[PDB]
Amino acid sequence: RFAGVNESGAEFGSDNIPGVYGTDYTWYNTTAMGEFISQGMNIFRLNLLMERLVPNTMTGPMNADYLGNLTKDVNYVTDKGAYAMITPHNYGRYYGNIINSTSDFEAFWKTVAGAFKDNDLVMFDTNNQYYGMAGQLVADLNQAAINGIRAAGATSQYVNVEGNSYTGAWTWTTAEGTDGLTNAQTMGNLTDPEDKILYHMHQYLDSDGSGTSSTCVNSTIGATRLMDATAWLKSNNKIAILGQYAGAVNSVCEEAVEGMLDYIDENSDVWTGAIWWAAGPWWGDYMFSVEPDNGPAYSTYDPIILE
């Protein structure tokens, strides 16, 4: 049901907060996004920075200029019938410190979700790639995000919940948090009064699953890396989405990507779709970029994403 791209740029220059628009970060190219929608993609994951959207304190007001831009780009996507996922690209951290106030995190999500409560083509993504924290805390932070989003009256939207350890699909049942707990051990019991939780997992294809290398391990590394997570999803009657994945321009990465997408299809009772990492107007010759006018990966993987 979901096939699309990440939009990355509004979280750029994370070293400069708030940073300057047009120098440190940018918002997304709606012309490109419209082309993607015309070709048939129906989801765009819009990445942003917590500290730019709500400066200083998570319980604070929203910056008007940053929120309007977020809203402009969101409306463009949803006005044309595609889903817009709102993703604070913060790794579970605020101003560089692990978010450990669930009360504060809930307040932040009530604030944000309030701004989009009536848009049923919006999705909320609680935080991009929690890492290096207690497994229990990561679960509690997802739950606090759900609480805040629903408390704001946003009841039609799916909430993407992300695991610890960069929410990696291949390590769902193995990677351990600072408390010794895995994602499989802590993420299952999340509850939602609207029962629209989407488990949100990421999967890269190089040795360490980081996406640093342009070398994919082998032609089947993708599908085989989703198997453990797939079993867990079925076992616990959950559904999921692959929020980030990519491979470089070579024949082994291409096959591995095609195979992993084929697998999501054969297991589409638990997998709902996949979102490429990534699009955006400031990527230059980034090896994973599918931005249309200059993304080096566009010509190869645009057709594959369309299936």
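Position 1 is the first residue in the sequence shown; the rest follow in order.
Look at the C-alpha B-factors of 146-154 and of 67-75. On average they run higher in 67-75. Taking the PDB entry as given, 234-242 carries the higher mean Cα B factor of the two stretches 234-242 and 40-48.
As recorded in the PDB entry, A184 shows the highest C-alpha B-factor of the residues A107, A169, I98, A184.
Note on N164, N128, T220, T215: the highest value goes to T220, judged by CA B factor as recorded.
Ranked within its chain, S103 lands in the middle third, by CA B factor from the PDB record. When the modelled residues of the chain are ordered by their C-alpha B factor, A32 lands in the highest third. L306 sits in the highest third of its chain by CA B factor, as recorded in the PDB entry.
In the deposited entry, the Cα temperature factor of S210 places it in the middle third of its chain's modelled residues. Among the modelled residues of its chain, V159 has a C-alpha B-factor that falls in the lowest third, as given in the PDB entry.
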